[PDB]
Every structure is written in structure tokens, then in C-alpha cells.
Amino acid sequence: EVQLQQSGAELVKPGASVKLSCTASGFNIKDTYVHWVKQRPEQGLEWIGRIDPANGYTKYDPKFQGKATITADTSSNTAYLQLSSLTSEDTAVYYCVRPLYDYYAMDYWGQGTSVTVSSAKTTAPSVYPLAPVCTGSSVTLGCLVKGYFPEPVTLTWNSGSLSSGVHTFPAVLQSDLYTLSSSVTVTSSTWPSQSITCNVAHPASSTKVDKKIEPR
């Protein structure tokens, strides 16, 4: 079966360089063209270029001429994508693509390699409990995870006990540092009758802080 196994996520600094890989599984990389595609939430999908691993000839979108360098080694059955003079805009997911039958198609895709360019150092998060103000039948608490790097963080309530009725929102980059928040809703008879804790873990800095929500 045709599978394109790419390298793991990279975490680098601006100005440096990185070299992603795309190893062929179940077929010879030399069989077809190998493309590289860049994906971003706002800008969408962009075609970087292609390579014929049988001969090494390449094509590029003139937008990526200079930064992108596509190579391939038939020995290791792998194709590579080198990126130079990295910038915050180079923060994107990168996919390697090959066609099925049509020589010029874009059918099979790798799982994608994540890239994050930042000067931020490994910083631990600053967990803050979010209690309501000094009434109804339903109560809502919260937990603010602010100023950590890099991603990700695992957030639970009462150590995975309280799972239903929870909304952990995606992280957001706030000045080279990430910020995350999560909410939870129960009945008024549950809180402050029962203790509710916000368990946050940041394996990067190896920190597992827990803050108990206290009323005002």
C-alpha cells in the first residue's frame, strides 16, 4: 500500500534552516513525481515545487525560490525539503504529495510535518483560577493558561474525572508565547459544594500545576 511517512514536527529559531523528509513506504520513491505543499490557516494551500527522484530535476513556484530546496535520495527511498533563512511566516504544515495514475496529479499525501519558527524560550505556564462574580440554576467556572512555550498542554478537571460539559479552547499565540483557556458548566448544587480543580501539564518544561477554583 502507498504511504508517505514524513518526519516529526520541528521547532526552530528564525534565521536558521531545517530539512524535512518524506520517506516512501510500499513503493519506490523513484516511480513518480514528488511535490511539496505548504498549508496555513489564513493563506490556505500553496504549491512549493516538485522533484523527479529518478534524475533530480526540480521545479519551483517563484515565490519559494531561495528558501525552498527539494532533493531526493533513492537509496534511502526518501525525498527532502530544505528551508533556509526561516521566518515567522514559514510557520506552517508541510505535506509531500505524489500522484496515483495521472503523471501530473496530486492524489496521495503524507501525514504532514509541523514547523514552528520562534525565538521564544521554554517557558512554563501561569495557571489562574476563574471563579464567577457574587444565582441561576447553572454555574460556569474557568481556568486561564497564559504565557507558555512551546505547545502543547493537557488540561483536565479533577484529574480527568469531570469530563462532560467542558470547552477547552485552542491555544493562541500572544507575543511569542501561547495562551489557552477552558470552561466547565455544572449545576448550582455542585459548586462550591464539591471541589473543582484545574489540572494543567506542560511536558516541555515538565510542570504539572493544579489550581482549585475558589469563590469570591
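One-based numbering along the sequence shown.
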Checklist entry - What stretch has the higher average Cα B-factor here, 178-186 or 33-41? => result 178-186
Checklist entry - Do the CA atoms of 73-81 or those of 100-108 have the higher mean B-factor in the entry? => result 73-81
Checklist entry - Taking the Cα B-factors listed in the entry, which of 55, 28, 58, 156 comes out highest? => result 156
Item to check | Residue with maximal Cα B-factor (values as given in the PDB entry) among 20, 9, 24, 201 | outcome: 201
Next on the checklist: Ranking the modelled residues of this chain by C-alpha B-factor as given in the entry, is residue 152 in the lowest, middle or highest third?
Outcome noted: highest
Next on the checklist: Splitting the chain's C-alpha B-factors into thirds, which one does residue 93 fall into?
Outcome noted: lowest
Checklist entry - Hey, what third does residue 160 fall into on Cα B-factor, ranked over its chain? => result highest
Checklist entry - Based on the entry's values, in what third of the chain does the Cα temperature factor of residue 191 lie: lowest, middle or highest? => result highest
Checklist outcome for this item: So, residue 209's CA B-factor, relative to its chain, sits in which third? The highest
